[PDB]
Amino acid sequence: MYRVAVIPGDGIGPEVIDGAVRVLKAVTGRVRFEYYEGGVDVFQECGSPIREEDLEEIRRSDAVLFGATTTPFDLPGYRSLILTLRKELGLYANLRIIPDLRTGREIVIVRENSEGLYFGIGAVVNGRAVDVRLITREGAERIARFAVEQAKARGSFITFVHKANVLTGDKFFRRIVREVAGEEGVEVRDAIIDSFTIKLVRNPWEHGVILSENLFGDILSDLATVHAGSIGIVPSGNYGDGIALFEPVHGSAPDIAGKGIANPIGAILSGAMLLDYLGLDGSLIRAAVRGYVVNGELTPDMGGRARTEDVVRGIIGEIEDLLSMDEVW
């Protein structure tokens, strides 16, 4: 079997992960799911958002499936569950796919996931505060390789977004991205972070594999979600060398917790990316979602009157259909 660690978190996390897990269970019985707590509650007890013993099991697992965690600004000493898991598990590539569910068109973003302004070197001293945007040869080389694999697989190109005129680290990063994409026969268009925002809202589908430094990726990937029903359908994967973690790009939405109306699509499509990573069949889930969405009642965030459970049940419906065929004939 495959061992998958599951961290539902809080807010709508549990609800959408219930949805995703149930969809996964409907496409394969080859995955054992083990659940773990994490977040503020665990921080309160042990001073970390994930227990050391739980963290050890998690890294021995084959993949991780993650919901959403509330990160409060007013909790001294708290570090993000997801940032913690990203660093602890070596998760250097963050892939976000923003889908137009009708057409199957995709905005594909590769966000470097381990350095940049997230590296963690920061200080206040004598009324001067500082943060160090770090780019390393190792960080840039592997995030570039990863982006070229995505471009190769899609018979596509890379759009490297930066601000090289102002940032030494982006001049560096750009040169390395160009080296490795040369070696591998991939085109690299470049784009400046400010003007690209305009291009991203106006001409969404013409950018291939978008690549960028961590914080720029964080910004651009939220921005790209405007081209989808709601941020509620957008999935992602965080990849490292021996393990990966999958989470919807939405967050806790505590406002709507427990009201039975959260959108499980993003988590479901994330369980899809998880199956791909394991060598199982995520294309099934994707087809199920496309198909349910033609005439299915959608959740309120997408302008519909449907409940979470209705959407889950409906997608499982489409799966059972595709599944009961022999490759589709």
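Each residue number is its position in the shown sequence, starting from 1.
If you average the CA temperature factors over each stretch, which comes out higher, 169-177 or 67-75?
Between 169-177 and 67-75, it is 67-75.
Selected stretch [higher average CA B-factor]: 1-9 or 319-327:
Mean B over CA atoms: larger for 319-327.
Out of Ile265, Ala26, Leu298, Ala272, which shows the largest CA B-factor listed in the entry?
Highest C-alpha B-factor among the listed options: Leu298.
By the entry's C-alpha temperature factors, tell me which of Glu187, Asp194, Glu112, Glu247 sits highest.
Max CA B-factor in the entry, restricted to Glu187, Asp194, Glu112, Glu247: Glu187.
Position of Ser156 among the chain's modelled residues by C-alpha B-factor, lowest, middle or highest third
Its C-alpha B-factor, which the entry lists for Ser156, ranks in the highest third among residues of this chain.
Chain third (lowest, middle, highest) by recorded CA B-factor, residue given as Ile285:
Ranked within chain, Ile285 CA B lands in the lowest tercile.
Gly242, C-alpha B-factor rank within chain (lowest, middle or highest third):
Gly242: CA B-factor falls in the highest third of its chain.
Select lowest, middle or highest to describe the third in which the CA B-factor of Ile256 falls within its chain in this entry.
Tercile = highest for this residue's CA B-factor.
Looking at the temperature factor on the CA atom of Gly127, which third of the chain's modelled residues does it land in?
Highest third.
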